[PDB]
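Single-structure report; data block below.
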Amino acid sequence: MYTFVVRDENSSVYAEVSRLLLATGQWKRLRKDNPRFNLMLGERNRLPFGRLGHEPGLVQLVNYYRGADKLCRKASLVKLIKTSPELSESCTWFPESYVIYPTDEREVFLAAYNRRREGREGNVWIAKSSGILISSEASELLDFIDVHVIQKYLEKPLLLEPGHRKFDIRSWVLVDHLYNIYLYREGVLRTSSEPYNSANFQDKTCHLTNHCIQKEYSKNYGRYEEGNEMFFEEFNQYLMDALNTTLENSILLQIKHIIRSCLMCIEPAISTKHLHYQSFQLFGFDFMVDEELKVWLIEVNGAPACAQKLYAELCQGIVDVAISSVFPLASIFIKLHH
Amino acid sequence: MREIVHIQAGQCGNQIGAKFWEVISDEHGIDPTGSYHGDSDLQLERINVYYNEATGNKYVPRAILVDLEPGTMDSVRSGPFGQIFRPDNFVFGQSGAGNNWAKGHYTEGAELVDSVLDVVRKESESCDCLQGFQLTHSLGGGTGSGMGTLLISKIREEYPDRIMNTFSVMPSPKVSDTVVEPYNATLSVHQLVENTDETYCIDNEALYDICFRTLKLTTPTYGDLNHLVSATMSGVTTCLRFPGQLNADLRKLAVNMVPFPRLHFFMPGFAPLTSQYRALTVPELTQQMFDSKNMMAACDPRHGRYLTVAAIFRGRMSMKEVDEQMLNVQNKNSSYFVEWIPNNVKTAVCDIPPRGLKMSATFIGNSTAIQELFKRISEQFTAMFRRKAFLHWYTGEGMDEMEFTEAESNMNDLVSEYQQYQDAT
Amino acid sequence: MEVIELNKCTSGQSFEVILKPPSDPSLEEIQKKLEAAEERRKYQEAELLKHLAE
Amino acid sequence: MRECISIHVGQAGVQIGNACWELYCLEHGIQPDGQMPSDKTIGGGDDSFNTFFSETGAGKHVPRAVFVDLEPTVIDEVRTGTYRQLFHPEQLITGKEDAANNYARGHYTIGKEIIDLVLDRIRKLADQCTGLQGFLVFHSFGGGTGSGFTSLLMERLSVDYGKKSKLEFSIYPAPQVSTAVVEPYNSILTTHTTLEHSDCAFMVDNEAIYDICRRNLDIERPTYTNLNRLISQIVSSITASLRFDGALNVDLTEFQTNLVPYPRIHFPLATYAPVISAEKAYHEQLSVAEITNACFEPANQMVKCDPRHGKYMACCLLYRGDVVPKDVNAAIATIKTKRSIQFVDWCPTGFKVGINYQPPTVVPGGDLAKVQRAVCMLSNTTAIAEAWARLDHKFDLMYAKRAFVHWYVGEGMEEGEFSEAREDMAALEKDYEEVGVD
Ligand SMILES: Nc1nc2c(ncn2[C@@H]2O[C@H](COP(=O)(O)OP(=O)(O)OP(=O)(O)O)[C@@H](O)[C@H]2O)c(=O)[nH]1
Ligand SMILES: Nc1ncnc2c1ncn2[C@@H]1O[C@H](COP(=O)(O)OP(=O)(O)CP(=O)(O)O)[C@@H](O)[C@H]1O
Ligand SMILES: Nc1nc2c(ncn2[C@@H]2O[C@H](COP(=O)(O)OP(=O)(O)O)[C@@H](O)[C@H]2O)c(=O)[nH]1
Ligand SMILES: [Ca+2]
Ligand SMILES: [Ca+2]
Ligand SMILES: [Ca+2]
Ligand SMILES: [Mg+2]
Ligand SMILES: [Mg+2]
Ligand SMILES: [Mg+2]
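Protein chains in written order, with the entry's author numbering: chain F, 1 to 102, 125 to 152, 159 to 174, 179 to 362, 373 to 380; chain B, 1 to 42, 45 to 277, 282 to 360, 369 to 439; chain E, 6 to 28, 44 to 74; chain A, 1 to 438.
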């Protein structure tokens, strides 16, 4: 019988995975500090990778890729895209971003800022970190930071109708021990229930699509869709009736392309192919879509939460693809080949 | 040349000690006359640990036979290997101990202990480098229990830097001679807690159940019980008598098995136990070796936790399969092994199996469940002591009731100590 | 890659490849600690013999 | 020419040392009786091989080695072994009873009584040396002698030979072959006491050697003989520069200069390749790029860890066989464009390379197959701290309950030395994290 441990009690995703493993009758949960385990549902911070794979007669698997923080951090993601030749400074699907400390890129950020101001182009930027400020004057942004990143705020976002409202697309991607990239077929659009107003960026209810900000500061929460969450079936139908296109052609192709580029970039540095232990990990990609139907990458979450309607299917998929593949018992994913 | 001095005291001690020398003598190719007639140099590579080499290439067991009655020792001298023992190593009295700890420890025994120490001294003076001592005895009688623990105290005083190891047979109402056995056993246990480094707890209650339940012996005898003890004693001493890497001597065994000085009471186990020509696979040896029905202490291991475990596999078998099966037992029941002692299960393999078996396995566990043995004795002790029943046999030899109260308290402490580590996280 | 300090002989050769530039206790004190531990052993044994004498 | 004295302590050090000197004689053409036909200078000379071998008037080449063990059975195998004629009785030192896997017993109790004898026997070898470089100390971490007596010997060596360098070949404890539960205690106790006395230490984790033997040699249950023959190959690759003509790592001082910028961080990671089974008639000979690329595979390291999640402070490549500098640089270029190799900012990103044209020598009838070329990478990477983390964790688990502590106090050691040694390992882990983490 396979054994496993739980070291992140706050993980809603793997709390279901653990519940499923127990229900199989072929998995046994041990104390969180017992080393004779086959699988570790590790903690978010300071997971002791150095102590894995040193148990004789135990194939050990962990649900996190050591080093994947480079991709799942605001400043780290920016540095990775600029310095990595595979992604290049000429990356077209990632907004222009800079890392500013309260090395540093203060002078470089203001350089491109002055260029836009002269050319009369939309010179709005957003500052954030791992509390956000959206301003059109650079002076306010730097004064606000006093580790943060400043990237071009997409001023022409694709707005859903009715509502004239903003949104963002969350994609769940599972990478197994063999580094197969599995994209969950089910996504979620976290929509803003307020009409987009490009006049005053201080009212962030219509500019931030976060599921929490919409349920706390938005007066139209849940008006158009249950919980400001639109799934692909409805969103695809809209794209057909409104823009005469499909979700696959107009957006999904660029999303799969971006997921491959990011994960294949760090594969040499995090792959556990010839390692004494194996890793998998569930990622949360967040994309923006502009009025031209171009997809932009916003960030990548290393410990994402699933949608309520999708926990069952996705969590069951994690067991089949990531766990049972290494520990067999007695498709909902799109395999991104590479 | 790391010599061990063997001592057997009392009826039980001498009857089991004799069988022990009969068993290991056969394994090392020694005949009842001390002449070696083996076919493998492994039989002689470590023969000096237990045998002296005399004139004519004779091998003399380094054994000392002690008793306050000559009866049982006369049987030894007439037994199968009776002629192999050094005649001068027979030290005995005539009065006996009457199953009375006070007589063996304070009166009858005190008069004979000095002559025993003289023989022990003669053996030690010829040891190139004495490891320590090995005592066989019961705790329910008078000589092995009372005088045995007296000898241990005086051996420690004269050899304080040597290891003391004992095979101690615990009494049980199922296989009982007198009602005072709980008294004698409770008094001895405290002596063992202080003055031994390693004690194999052999529970006559377990030996009886195994003979009746498993071996299908409807009317088990002491000889039947002693068959299990011989096989177990041969197994637990394999790592001392043959070349090996793990627990090769008494001190290294203590370092691996005793995390705390007072918790040095082990549960021995043996496999197979057949009621007989079928081959026993390595998975079968491992499962049976860890099964409570194969334990010699009548304690349910699943009622406590393993502090340390020593396993010994004998015979020609796949060492890779031994490692896989041992790792399977731990990994499939890791909740019974304390987590604060990493890798507390050590395994050894000896190519020479015991007589009449293609392969076997001996289990040596330091489990906190051993407290059930001491609780059992503690309850029987108190049932009588609360009414001072049968105390006159002991006060008549100079003992006071306070010494019983202190022995009672000491064993309850020992039980409490096992309990705190059974809960420790 | 810059190869520097190349040395060759009959049995082999060595060199360096640069890919990128950069960006006690005394004898007495020991004897004391050894004797200190030995003394602690003598004290523990004396206590044992005292206990056994009782 | 400057002499080097090898000291072997405990079972692991003795049996490994026995396997090393067997390989040296094969490499240098020295026969079991000590004779060396290719040596034309009879009874003397200051050749490179003389750093490890002295010469008698009769033409015998005697290893500059000392074997110490508190139990005689292991050294007795050297007295009656194949190369028994190489050594003389004064070189072999044995006791009556061992340290019983107890650091305190080996350091304080038994060490105090035999230390003067060992130093005296070492003094005899030093008297033969016109310019002694230092010492190479082979020992285990988990054994009572290898841990306890080695730390005492190292302390005294710093007193009697202050200007001499000292290098260690240490065996990290692995439960798959370990023989004691308290080996984490002994490992940390001896590392603490020895840290300030070792200039450079090469740790070999038995787990790594064990798996390499099972994986690459097809050994179902590797023995110490299997493990020691592979370890002697690694040790030989590391000491070849001292025994053969060359310009890299030609003296013990150069090891610290090339591999240890910070003194406390003096545990280089060793990676060896290729390890080919001799049970297969033919095997595709690996190229310079293939064996060099294997130096960055954790499966070939002497200590399982992930250098990708660390930083390099220095990196040496020791080739043996058909290898020319052109192929090395070409392979290094490819590996850079494919491997995660990060150096600390205050260090140049580079590789010191050494090539010996004589291909590796294998014990006739052993398990390792002859190969046309092999390499041993010595890289000082912070990733090796994972071994310290594993060891310190097991220490913490047992010491929290004071498990087995009474065995050490009973030998005269104070319980405070435990926490004193643990706090030192805590500082060591912190230094590694500061050097190779952001
Ligand atoms: N690689 C290798 N490891 C060994 C060898 N012998 C022992 N070991 C390891 O060393 C550790 C035990 O230390 P030993 O060297 O055997 O003990 P010791 O140094 O003789 O000290 P004592 O306790 O006095 O016997 C265990 O982890 C063993 O796995 C060997 O020949 N080769
Ligand atoms: N460059 C940009 N242009 C336009 N809108 C942006 C933007 N960056 C962020 N946003 C908006 O801000 C919201 C939150 O941003 P971000 O994802 O960086 O913070 P966060 O980490 O707290 C949410 P999550 O962890 O789910 O991704 C996004 O949903 C998006 O609608
Ligand atoms: N296993 C076993 N137990 C015995 C034997 N003889 C006696 N006993 C047990 O030992 C206790 C009696 O001790 P005994 O040796 O006769 O007393 P002593 O001669 O004065 O030391 C009782 O609990 C018996 O059950 C024997 O041959 N084998
Ligand atoms: Ca009398
Ligand atoms: Ca010469
Ligand atoms: Ca120094
Ligand atoms: Mg986030
Ligand atoms: Mg009787
Ligand atoms: Mg030893």
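Cβ atoms here follow ideal geometry from the backbone N, Cα and C, with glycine treated the same way.
Asked: For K247 of chain F and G316 of chain F, I'd like the C-alpha separation in whole angstroms.; Found: 21 Å
Asked: Hey, is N333 of chain F close to ligand 7, as in C-beta under 7 Å from one of its heavy atoms?; Found: yes
Asked: Among all the DSSP beta bridges, which residues are the ones paired with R29 of chain F?; Found: F:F4
Asked: Determine the chain F residues that contact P274 of chain A at a beta-carbon separation under 8 Å, and present them in chain order.; Found: Simply none; closest approach about 15 Å.
Asked: For ligand 3, is there any heavy atom lying closer than 7 Å to the beta carbon of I110 of chain A?; Found: no
Asked: Count Cβ pairs between the segment 333 to 346 of chain F and the segment 3 to 21 of chain F that sit closer than 8 Å; are there 3 or more?; Found: yes
Asked: With DSSP as the reference, label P56 of chain F as helix, strand or coil.; Found: coil
Asked: If you measure from each residue's Cβ to the nearest non-hydrogen atom of ligand 5, which ones come out under 5 Å, in chain order?; Found: A:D39, A:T41 and A:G45
Asked: Let me confirm a value: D90 of chain B is counted as buried when at least 16 other C-beta atoms fall within 10 Å, else exposed. Which label applies?; Found: exposed
Asked: Can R217 of chain F and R202 of chain F be called in contact, C-beta distance under 8 Å?; Found: no
Asked: Does DSSP classify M166 of chain B as helix, strand or coil?; Found: strand
Asked: Just to check, is the beta-carbon of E55 of chain B closer than 7 Å to a non-hydrogen atom of ligand 9?; Found: no
Asked: Does chain F have any CB closer than 8 Å to the CB of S340 of chain B?; Found: yes
Asked: Cβ of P360 of chain B within 8 Å of Cβ of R320 of chain B?; Found: yes
Asked: What separation, rounded to the nearest whole angstrom, lies between the Cα atoms of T145 of chain A and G13 of chain A?; Found: 10 Å
Asked: For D218 of chain A, which of A:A278, A:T271 and A:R229 has the nearest alpha-carbon?; Found: A:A278
Asked: Quick check: is the beta carbon of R29 of chain F nearer than 8 Å to any beta carbon in chain B?; Found: no
Asked: Given a cut-off of 8 Å on the beta-carbon distance, is the pair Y228 of chain F and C244 of chain F in contact?; Found: no
Asked: What are the uninterrupted segments assigned as alpha helix (DSSP H) that are 4 or more residues long and contained completely in the segment 222 to 281 of chain F, given in chain order?; Found: 243 to 248 and 264 to 275
Asked: Residues bridged to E279 of chain A by DSSP?; Found: According to DSSP, which records beta bridges pairwise, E279 of chain A is partnered with nothing at all.
Asked: Interface residues of chain A around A301 of chain F at Cβ under 8 Å?; Found: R308 and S340
Asked: With a cut-off of 8 Å, do at least 3 Cβ pairs link the segment 18 to 34 of chain F to the segment 301 to 310 of chain B?; Found: no
Asked: In the structure shown, what three-state DSSP assignment does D251 of chain B receive?; Found: coil
Asked: To the nearest angstrom, report how far apart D273 of chain F and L191 of chain F are at their CA atoms.; Found: 14 Å
Asked: Can we count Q136 of chain B as close to ligand 8, meaning its CB is less than 7 Å from some heavy atom?; Found: no
Asked: Starting from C20 of chain A, trace the alpha helix (DSSP H) both ways and give me its first and last residue.; Found: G10 to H28
Asked: With a cut-off of 8 Å on the beta carbons, I'd call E420 of chain B and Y108 of chain B a contact; round off their distance for me.; Found: With a Cβ gap of about 15 Å, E420 of chain B and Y108 of chain B do not count as contacting.
Asked: Taking only beta-carbon positions, decide if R158 of chain B is within less than 8 Å of chain A.; Found: no
Asked: List the residues of chain A that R73 of chain F touches, going by C-beta distances under 7 Å, in chain order.; Found: Within chain A, no residue comes near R73 of chain F; the closest Cβ sits about 11 Å away, beyond 7 Å.
Asked: Could you have a look at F149 of chain A and say whether DSSP puts it in helix, strand or coil?; Found: helix
Asked: Which residues mark the beginning and the end of the beta strand (DSSP E) in which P63 of chain A is found?; Found: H61 to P63
Asked: Less than 8 Å separating the beta-carbons of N102 of chain B and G34 of chain B?; Found: no
Asked: Is the beta carbon of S147 of chain A closer than 8 Å to that of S140 of chain A?; Found: yes
Asked: Using a Cβ cut-off of 8 Å, pull out every chain E residue sitting near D245 of chain A, in sequence order please.; Found: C14, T15, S16 and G17
Asked: By the three-class DSSP mapping on this structure, what secondary structure does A335 of chain F have?; Found: coil
Asked: Express the C-alpha separation of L378 of chain F and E155 of chain A in angstroms, rounding to a whole number.; Found: 60 Å
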